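Student: Sharing a structure with you now.
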Amino acid sequence: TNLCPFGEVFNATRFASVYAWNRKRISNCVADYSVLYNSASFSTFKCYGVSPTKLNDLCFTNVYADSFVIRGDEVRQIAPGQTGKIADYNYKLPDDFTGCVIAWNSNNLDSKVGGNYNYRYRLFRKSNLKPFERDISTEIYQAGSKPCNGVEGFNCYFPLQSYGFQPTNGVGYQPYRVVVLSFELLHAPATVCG
Amino acid sequence: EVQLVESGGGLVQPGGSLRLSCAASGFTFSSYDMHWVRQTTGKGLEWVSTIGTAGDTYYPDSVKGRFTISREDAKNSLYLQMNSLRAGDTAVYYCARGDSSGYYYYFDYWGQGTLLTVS
Amino acid sequence: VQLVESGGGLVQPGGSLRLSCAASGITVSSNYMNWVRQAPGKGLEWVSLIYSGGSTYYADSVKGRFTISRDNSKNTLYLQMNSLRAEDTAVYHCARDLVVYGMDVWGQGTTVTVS
Amino acid sequence: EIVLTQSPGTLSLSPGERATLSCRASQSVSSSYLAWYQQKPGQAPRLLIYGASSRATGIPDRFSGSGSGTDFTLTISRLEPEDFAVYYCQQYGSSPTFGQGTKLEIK
Amino acid sequence: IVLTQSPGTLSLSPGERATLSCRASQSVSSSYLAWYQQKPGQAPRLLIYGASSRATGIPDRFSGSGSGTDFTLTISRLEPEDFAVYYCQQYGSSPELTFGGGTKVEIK
Amino acid sequence: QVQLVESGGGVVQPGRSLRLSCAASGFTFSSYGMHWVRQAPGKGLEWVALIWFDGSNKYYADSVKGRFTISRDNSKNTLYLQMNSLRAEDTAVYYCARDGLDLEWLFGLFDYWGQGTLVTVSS
Amino acid sequence: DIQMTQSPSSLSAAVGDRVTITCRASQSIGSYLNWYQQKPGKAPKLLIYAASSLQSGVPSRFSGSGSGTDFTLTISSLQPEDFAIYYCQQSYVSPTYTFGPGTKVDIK
Ligand SMILES: *[C@@H]1O[C@H](CO)[C@@H](O[C@@H]2O[C@H](CO)[C@@H](O)[C@H](O)[C@H]2NC(C)=O)[C@H](O)[C@H]1NC(C)=O
């Protein structure tokens, strides 16, 4: 019994890009949600299926923590029943999502003068990503009917595109650190409660 | 028996401020969540703010920064502090009690409300 | 590569019409496809956009009225226009969108007149 | 949500000179989504520049864009009889947004 | 961290069947063992990645198989150009990037 | 089709500096990872260094860290590896390759190699 | 921003008739619906929560059914006291709960 790992997810030095999103499993710890409250910095605290004021009286078998870095003007895509470049190729949440998603600002924690081109996202994909799936590939997208082998030219494009975060940049186009805590419940007995 | 007598309404100049309360009775006021719900002739019932059992506050996009909510366990009083009022703020404000059945959330008992008008 | 449009004609106000944009050299079912119209005396204007995954996006002035669909077998992109109004008279071009690289393949367009 | 205004509305020049066409945005937007376009009368538009300074494939070397932030500029080194048409600047938020169009005319 | 290839000198006549191995402890992360081909005096080229696949331009006569500790590379009838030294590599994570040794094949 | 060439090499007495260069073309040289694999004669292969897209995330090897610097230019399409305090074992053929992975979930794998350059260290 | 639509906006019936109003959702919100009844000028009250559970003290005539993006509230036999403006609200997305427009049930 110890305080849960919700101290490094929100305070890590390096954050993951959208396509290669890192996932943490949290189990066998006493839930300490007090850090989320009275923070005055979380610019988006939305919960789906469970209220945020009733988090301390609920039993959760497994808690999954997922972390991305997306553009400010597309945080709204992270929700059940939403469509877009992110919610259809990069990340996906099922229509019965049971968790809380949080996102704050990192205007000067990830941005550097001249542009931090580290963060990338999927721009081309054939189909719709299945929920809670991470498809990672470098295979070059074939837009036309002619098979393409390795070369990059017409009708043959790279799947990943980099962001352009900068110091003097608009609020909607500024980087955001977004965390998802899916409070999934399993038919197996709830080993951990509270 | 749970009565929520809201008070503090009245004519107020634009950009002014008020401190309207909601007195309760008949139950413990430290184990339940408080919300503010307003009713307008135009957009109907809306959720304005809320306060929990651990000092957490939640405000809509428009409400954020302007209005603040507060609790007082000793005197059984729930407050709403309003700053920089706008013209389109006239409504009847109801304080509601939040109750739960597992994962579902609902409002069980409601007050009477006060008329608030900005002139 | 070519984009050939069809289905244009004269339709009385309030009626229905069905435009088609057959494509050769680029797959309709694997790229972002755009419908952009050109009213006379005015510049271009976005109408709709369909993702490779089936997502649909429409402009504010055409919400609920227009429907965009595609069929893989015939490799033809459509646009269904119901509840037509007099302000929809323009030339409709189909384009393939690369977002970062812009739209580089266009069609000569189909002409729609309502009166 | 993004309104792009190009100034001037109609620029009158002569062949060989250097053109200065701009596209100003209401809010600062990433330079990796700005594409200039050209359209001659009775014709489908042609892609000139994508991003901010990259010539599209098959495009001559006269066109050379520049700028970042809110103010952008399209520059033609020497005007030719084939470079007098309508120019568009396209942006990309949640969906494409187009400008009002600028037409080059002979002095 | 360490990689072992045996036998280092395989005597095989043209055609027939060939077998190679890149056994090593500290089992791979998921399937990350790659194979390379090095004709004499020229830069090496990849053949199989992911422990079972083919790179762009690898004929169907090269096949890969293996999971965990033991891995194999299989070639059908050898044309008189696939007689060179091959290399096997672990990739995927950390600075643990290591190459094996050498498994050149004899003509006769 | 990926083209990699190498420039720089020769004979240098131990205790001076040398600078390599690997120009590349045929693909976008801002979205792919670089490498440096060297080969002493008749011994085997060994990886040396790696650089990301932005040129800020260099991961050297255990036996070269301290006197090697890997530099990347994206406006010129040229990779670099500066060599300082050369020892006797440092003579080899240096190969520049291209990383064929996403560099975040996985890194490593080489898809296309260059040709190579002999460098000798003696007097 | 979750839109909520209710129809019809007006429904008149004689005493003892069967009254049915419909609640529709912008997106699939499961079974997180709550009903309300508001006498003219008085305090609104909760009738049914989660679209199937009866509140602690409510006339047995009211009943609820529906799932997904369409929900229905049923009244068996209308009484003179059941003339009010009804509301339906979702509890799926929190803390920004959004109500419907409301339905005024007139008595003829
Ligand atoms: C991440 O680190 C910050 C500080 O670097 C933490 O903020 C502190 O929170 C404690 C908890 O009450 C306060 O007493 C401190 O005053 C805060 N620091 C400052 C500078 O105000 C934050 O809590 C950390 N995140 C988590 C999840 O623990």
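Following the order of the structure tokens, chains are lettered A, B, ..., residues in each are numbered from 1, and ligands are numbered from 1.
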May I ask you to write as an MDAnalysis selection string all residues lying at most 12 Å from ligand 1, with only C-alpha atoms and all ligand atoms counted?
Tutor: chainID A and resid 3:13 32:42 102 179
Student: Near residue 193 of chain A, within 12 Å and counting only C-alpha atoms, which residues show up once chain neighbours fewer than 3 positions away are dropped, as JSON, numbers by chain?
Tutor: {"A": [1, 27, 28, 29, 30, 31, 55, 56, 57, 58, 59, 60, 61, 62, 63, 183, 185, 189, 190]}
Student: Identify, on the basis of only C-alpha atoms, every residue whose closest approach to segment 27-36 of chain G does not exceed 7 Å; exclude the query and any residue fewer than 4 positions from it along the same chain; express the result as a VMD selection string.
Tutor: (chain A and resid 81) or (chain B and resid 104 106) or (chain G and resid 44 to 51 67 to 69 86 to 92)
Student: Env of residue 16 of chain E: 8 Å cut, atoms = only C-alpha atoms, seq-sep filter 6 positions within chain, self excluded. Answer as a ChimeraX atom specification.
Tutor: /E:76-78
Student: Would you mind exporting N, CA and C atoms of the selected residues as a PDB file, in the first residue's frame?
Tutor:
```pdb
ATOM      1  N   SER E  76      16.526 -21.240 -50.311  1.00  0.00           N
ATOM      2  CA  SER E  76      16.364 -22.350 -51.240  1.00  0.00           C
ATOM      3  C   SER E  76      17.568 -22.374 -52.182  1.00  0.00           C
ATOM      4  N   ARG E  77      17.443 -23.088 -53.301  1.00  0.00           N
ATOM      5  CA  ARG E  77      18.535 -23.292 -54.250  1.00  0.00           C
ATOM      6  C   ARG E  77      19.309 -22.006 -54.510  1.00  0.00           C
ATOM      7  N   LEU E  78      20.609 -22.044 -54.227  1.00  0.00           N
ATOM      8  CA  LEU E  78      21.439 -20.847 -54.230  1.00  0.00           C
ATOM      9  C   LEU E  78      21.939 -20.550 -55.638  1.00  0.00           C
TER      10      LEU E  78
END
```
Student: As a PyMOL selection string, please: every residue in chain D that DSSP puts in strand (DSSP E).
Tutor: chain D and resi 4-5+10-13+21-22+24-25+35-39+46-50+54-55+63-66+73-76+86-92+96-98+102-106
Student: So that each row is one residue of chain F with an atom at most 12 Å from chain A, can you give its shortest atom pair and the distance in Å to one decimal, using only C-alpha atoms, rows by chain and rising number, as a Markdown table?
Tutor:
```
| residue | atom | partner | partner_atom | distance |
| --- | --- | --- | --- | --- |
| F:1 | CA | A:151 | CA | 5.6 |
| F:2 | CA | A:151 | CA | 7.7 |
| F:3 | CA | A:151 | CA | 11.1 |
| F:25 | CA | A:152 | CA | 10.8 |
| F:26 | CA | A:152 | CA | 7.3 |
| F:27 | CA | A:152 | CA | 5.9 |
| F:28 | CA | A:152 | CA | 7.9 |
| F:29 | CA | A:152 | CA | 11.4 |
| F:30 | CA | A:117 | CA | 9.7 |
| F:31 | CA | A:160 | CA | 8.1 |
| F:32 | CA | A:138 | CA | 9.9 |
| F:33 | CA | A:138 | CA | 11.9 |
| F:52 | CA | A:118 | CA | 8.8 |
| F:53 | CA | A:118 | CA | 7.5 |
| F:54 | CA | A:117 | CA | 6.3 |
| F:55 | CA | A:118 | CA | 9.9 |
| F:56 | CA | A:118 | CA | 9.1 |
| F:57 | CA | A:118 | CA | 9.8 |
| F:99 | CA | A:138 | CA | 10.5 |
| F:100 | CA | A:138 | CA | 7.3 |
| F:101 | CA | A:138 | CA | 6.3 |
| F:102 | CA | A:138 | CA | 6.5 |
| F:103 | CA | A:20 | CA | 9.8 |
| F:104 | CA | A:20 | CA | 6.7 |
| F:105 | CA | A:20 | CA | 6.1 |
| F:106 | CA | A:20 | CA | 9.6 |
| F:107 | CA | A:138 | CA | 11.6 |
| F:109 | CA | A:138 | CA | 11.9 |
| F:111 | CA | A:150 | CA | 9.8 |
| F:112 | CA | A:150 | CA | 10.5 |
```
Student: Output N, CA and C atoms of each residue in that selection to a file, as an mmCIF file, in the first residue's frame.
Tutor:
```cif
data_model
loop_
_atom_site.group_PDB
_atom_site.id
_atom_site.type_symbol
_atom_site.label_atom_id
_atom_site.label_comp_id
_atom_site.auth_asym_id
_atom_site.auth_seq_id
_atom_site.Cartn_x
_atom_site.Cartn_y
_atom_site.Cartn_z
ATOM 1 N N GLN F 1 14.815 3.718 -54.027
ATOM 2 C CA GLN F 1 16.072 4.310 -54.466
ATOM 3 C C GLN F 1 16.563 5.358 -53.474
ATOM 4 N N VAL F 2 17.637 5.028 -52.761
ATOM 5 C CA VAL F 2 18.274 5.935 -51.815
ATOM 6 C C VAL F 2 19.762 5.972 -52.130
ATOM 7 N N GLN F 3 20.318 7.176 -52.233
ATOM 8 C CA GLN F 3 21.720 7.372 -52.580
ATOM 9 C C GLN F 3 22.466 7.931 -51.377
ATOM 10 N N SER F 25 20.550 11.731 -50.796
ATOM 11 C CA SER F 25 19.499 12.241 -51.666
ATOM 12 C C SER F 25 18.574 11.087 -52.026
ATOM 13 N N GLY F 26 17.411 11.435 -52.568
ATOM 14 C CA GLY F 26 16.408 10.458 -52.934
ATOM 15 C C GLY F 26 15.279 10.301 -51.941
ATOM 16 N N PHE F 27 15.321 11.018 -50.824
ATOM 17 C CA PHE F 27 14.265 10.963 -49.822
ATOM 18 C C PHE F 27 14.355 12.226 -48.981
ATOM 19 N N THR F 28 13.303 12.475 -48.207
ATOM 20 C CA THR F 28 13.248 13.661 -47.359
ATOM 21 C C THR F 28 14.228 13.497 -46.205
ATOM 22 N N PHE F 29 15.261 14.334 -46.171
ATOM 23 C CA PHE F 29 16.275 14.249 -45.121
ATOM 24 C C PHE F 29 15.915 15.132 -43.931
ATOM 25 N N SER F 30 14.682 14.977 -43.457
ATOM 26 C CA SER F 30 14.247 15.585 -42.210
ATOM 27 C C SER F 30 13.286 14.694 -41.442
ATOM 28 N N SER F 31 12.999 13.488 -41.935
ATOM 29 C CA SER F 31 12.044 12.587 -41.309
ATOM 30 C C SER F 31 12.607 11.184 -41.119
ATOM 31 N N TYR F 32 13.922 11.007 -41.241
ATOM 32 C CA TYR F 32 14.540 9.695 -41.134
ATOM 33 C C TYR F 32 15.781 9.788 -40.259
ATOM 34 N N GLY F 33 16.048 8.719 -39.508
ATOM 35 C CA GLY F 33 17.181 8.690 -38.605
ATOM 36 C C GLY F 33 18.458 8.210 -39.272
ATOM 37 N N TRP F 52 18.782 12.117 -34.261
ATOM 38 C CA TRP F 52 17.367 12.176 -34.594
ATOM 39 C C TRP F 52 17.123 13.186 -35.715
ATOM 40 N N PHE F 53 15.849 13.508 -35.947
ATOM 41 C CA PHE F 53 15.484 14.434 -37.013
ATOM 42 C C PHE F 53 15.984 15.842 -36.714
ATOM 43 N N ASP F 54 15.699 16.341 -35.513
ATOM 44 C CA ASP F 54 16.038 17.705 -35.134
ATOM 45 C C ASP F 54 17.525 17.901 -34.873
ATOM 46 N N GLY F 55 18.310 16.829 -34.852
ATOM 47 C CA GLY F 55 19.719 16.960 -34.520
ATOM 48 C C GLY F 55 19.966 17.182 -33.045
ATOM 49 N N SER F 56 19.032 16.752 -32.196
ATOM 50 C CA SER F 56 19.181 16.900 -30.746
ATOM 51 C C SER F 56 18.527 15.684 -30.084
ATOM 52 N N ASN F 57 19.339 14.641 -29.872
ATOM 53 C CA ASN F 57 18.980 13.369 -29.245
ATOM 54 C C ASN F 57 20.047 12.334 -29.573
ATOM 55 N N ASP F 99 18.044 4.978 -40.728
ATOM 56 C CA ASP F 99 17.174 4.267 -39.803
ATOM 57 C C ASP F 99 15.789 4.126 -40.422
ATOM 58 N N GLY F 100 15.267 2.904 -40.421
ATOM 59 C CA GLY F 100 13.988 2.629 -41.044
ATOM 60 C C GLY F 100 12.860 2.415 -40.057
ATOM 61 N N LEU F 101 12.968 3.023 -38.880
ATOM 62 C CA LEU F 101 11.970 2.883 -37.833
ATOM 63 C C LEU F 101 11.523 4.266 -37.376
ATOM 64 N N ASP F 102 10.530 4.285 -36.486
ATOM 65 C CA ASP F 102 9.901 5.530 -36.060
ATOM 66 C C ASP F 102 10.710 6.291 -35.018
ATOM 67 N N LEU F 103 11.797 5.705 -34.514
ATOM 68 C CA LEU F 103 12.755 6.359 -33.625
ATOM 69 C C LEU F 103 12.211 6.570 -32.215
ATOM 70 N N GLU F 104 10.927 6.291 -31.987
ATOM 71 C CA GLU F 104 10.327 6.486 -30.673
ATOM 72 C C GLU F 104 9.910 5.171 -30.030
ATOM 73 N N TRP F 105 9.040 4.402 -30.686
ATOM 74 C CA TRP F 105 8.734 3.064 -30.192
ATOM 75 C C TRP F 105 9.920 2.135 -30.395
ATOM 76 N N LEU F 106 10.585 2.246 -31.543
ATOM 77 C CA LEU F 106 11.750 1.440 -31.870
ATOM 78 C C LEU F 106 12.733 2.289 -32.659
ATOM 79 N N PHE F 107 14.009 1.926 -32.573
ATOM 80 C CA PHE F 107 15.057 2.566 -33.355
ATOM 81 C C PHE F 107 16.115 1.515 -33.659
ATOM 82 N N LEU F 109 17.224 -0.277 -36.834
ATOM 83 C CA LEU F 109 17.313 -0.939 -38.136
ATOM 84 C C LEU F 109 17.744 -0.064 -39.304
ATOM 85 N N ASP F 111 18.092 0.470 -43.341
ATOM 86 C CA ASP F 111 17.463 0.069 -44.594
ATOM 87 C C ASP F 111 18.374 0.238 -45.801
ATOM 88 N N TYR F 112 19.189 1.290 -45.833
ATOM 89 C CA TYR F 112 20.091 1.530 -46.951
ATOM 90 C C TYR F 112 21.425 2.030 -46.422
#
```
Student: Smallest atom-to-atom distance to residue 15 of chain C: which of C:89, C:72, C:111, C:82, using only C-alpha atoms?
Tutor: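 Going through C:89, C:72, C:111, C:82 one by one, the smallest distance to residue 15 of chain C is for C:82.
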Student: Extract, using only C-alpha atoms, all DNA, RNA and protein residues at most 10 Å from residue 77 of chain C, discarding same-chain residues fewer than 4 positions from it, and format them as a ChimeraX atom specification.
Tutor: /C:3,5,19-23,27-29,33-35,50,68-72,94
Student: Using only C-alpha atoms, find each residue in chain D having at least one atom no more than 10 Å away from chain A; report its shortest atom-to-atom pair and that distance in Å (one decimal), rows by chain then rising number, as a Markdown table.
Tutor:
```
| residue | atom | partner | partner_atom | distance |
| --- | --- | --- | --- | --- |
| D:27 | CA | A:170 | CA | 7.0 |
| D:28 | CA | A:170 | CA | 5.4 |
| D:29 | CA | A:170 | CA | 6.8 |
| D:30 | CA | A:164 | CA | 6.9 |
| D:31 | CA | A:164 | CA | 8.4 |
| D:32 | CA | A:164 | CA | 7.9 |
| D:57 | CA | A:154 | CA | 9.2 |
| D:69 | CA | A:169 | CA | 7.6 |
| D:93 | CA | A:73 | CA | 8.8 |
| D:94 | CA | A:84 | CA | 8.5 |
```
Student: For the residues selected in the previous step, produce a file with N, CA, C and O atoms as a tab-separated table (two decimals), in the first residue's frame.
Tutor:
```
chain	number	residue	atom	x	y	z
D	27	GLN	N	-5.62	35.42	-37.10
D	27	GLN	CA	-4.89	34.85	-35.98
D	27	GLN	C	-3.66	34.12	-36.51
D	27	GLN	O	-3.66	33.60	-37.63
D	28	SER	N	-2.61	34.11	-35.70
D	28	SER	CA	-1.38	33.43	-36.09
D	28	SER	C	-1.64	31.95	-36.29
D	28	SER	O	-2.24	31.29	-35.44
D	29	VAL	N	-1.17	31.42	-37.42
D	29	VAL	CA	-1.45	30.05	-37.83
D	29	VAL	C	-0.16	29.45	-38.37
D	29	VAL	O	0.66	30.16	-38.96
D	30	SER	N	0.03	28.15	-38.15
D	30	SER	CA	1.25	27.48	-38.58
D	30	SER	C	1.48	27.66	-40.08
D	30	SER	O	0.55	27.57	-40.89
D	31	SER	N	2.74	27.93	-40.44
D	31	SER	CA	3.12	28.15	-41.83
D	31	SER	C	3.11	26.87	-42.66
D	31	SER	O	3.24	26.96	-43.89
D	32	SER	N	2.96	25.71	-42.04
D	32	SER	CA	2.97	24.43	-42.75
D	32	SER	C	1.61	24.06	-43.32
D	32	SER	O	1.40	22.89	-43.66
D	57	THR	N	5.79	20.83	-57.69
D	57	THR	CA	6.38	20.13	-58.82
D	57	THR	C	5.84	20.67	-60.14
D	57	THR	O	4.64	20.95	-60.28
D	69	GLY	N	4.17	33.52	-39.51
D	69	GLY	CA	3.36	34.20	-38.52
D	69	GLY	C	1.98	34.57	-39.01
D	69	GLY	O	1.07	33.73	-39.03
D	93	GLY	N	-7.43	24.93	-41.04
D	93	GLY	CA	-7.69	24.71	-39.63
D	93	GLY	C	-8.30	23.35	-39.41
D	93	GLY	O	-7.61	22.33	-39.50
D	94	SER	N	-9.60	23.31	-39.12
D	94	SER	CA	-10.35	22.06	-39.15
D	94	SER	C	-10.88	21.73	-40.54
D	94	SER	O	-11.42	20.64	-40.75
```
Student: Give me, please, the distance in Å between atom CA of residue 29 of chain B and atom CA of residue 80 of chain B, quoted to one decimal.
Tutor: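 Going from atom CA of residue 29 of chain B over to atom CA of residue 80 of chain B, I get 16.1 Å.
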Student: At a cut-off of 6 Å, using only C-alpha atoms, what residues contact segment 64-72 of chain E? Leave out same-chain residues fewer than 4 positions from it and give the result as a ChimeraX atom specification.
Tutor: /E:20-24,27-28,51-52
